[PDB]
């Protein structure tokens, strides 16, 4: 298919086929997840269903839930493609499309979160929270269903990422290992950060409170950010100050 998503999906299939041919231990799994399907949405739903199933939640039920969401919500499909593109372009480990789809926990947790956010918006909050708990369980990514996130989002070593209930993340944001977008321990209300488009947040950075991180800004590794960071400026240190 000559369209963008079509081309990306075509690349995923070609890559999976080479991997299946070279590694017989993974061949059937690559066939059932990717090669037996004709869309990115169905393969992602299939994979997420298996990854997140539990004694509470059948893989076939989760498969249905994810597939229904992607089929009904064009913006979810656009976001998945944008996030695949972001990994292919910005991942320092230079991940391939199929490997991102199958193995990248940040990417997978993010797509699953978008469905949890939709459920949350559709007044299915118990289920949204159940899905959220599994995402945390399995992908070591804790994003509250009520968090708002854009697309073109890059994770890096997603383990231990925390994004609170009232946080907002723009487009084309990079969130590295052990980033916390959380609060001070204050109860209730808007208490989590607002991250502008194109922001890079370094490993181990904690950004606490309802503060603004300006578009294109960078936060240095290990920073504790408690104040607003202007657009296209760099904030670093504990406590963080502008450079």
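Positions refer to the first chain, counted from 1.
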* Which is higher on average in the deposited entry, the C-alpha temperature factors of 187 to 195 or of 170 to 178? -> 187 to 195
* Asked: Which of the two stretches, 204 to 212 or 56 to 64, shows the higher mean Cα temperature factor in the record?
  -> 204 to 212
* Asked: In this PDB entry, which of 152, 145, 92, 74 has the top CA B-factor?
  -> 92
* When the modelled residues of the chain are sorted by Cα temperature factor, does residue 78 land in the lowest, middle or highest third? -> middle
* Asked: Going by what the PDB entry lists, where does residue 164 fall on CA B-factor within its chain: lowest, middle or highest third?
  -> middle
* Entry-reported Cα temperature factor of residue 99, expressed as the chain third it lands in -> middle
* To do: Would you mind ranking residue 24 by its C-alpha B-factor against the rest of the chain and naming the third, lowest, middle or highest?
  => lowest
* To do: Would you mind ranking residue 136 by its C-alpha B-factor against the rest of the chain and naming the third, lowest, middle or highest?
  => middle
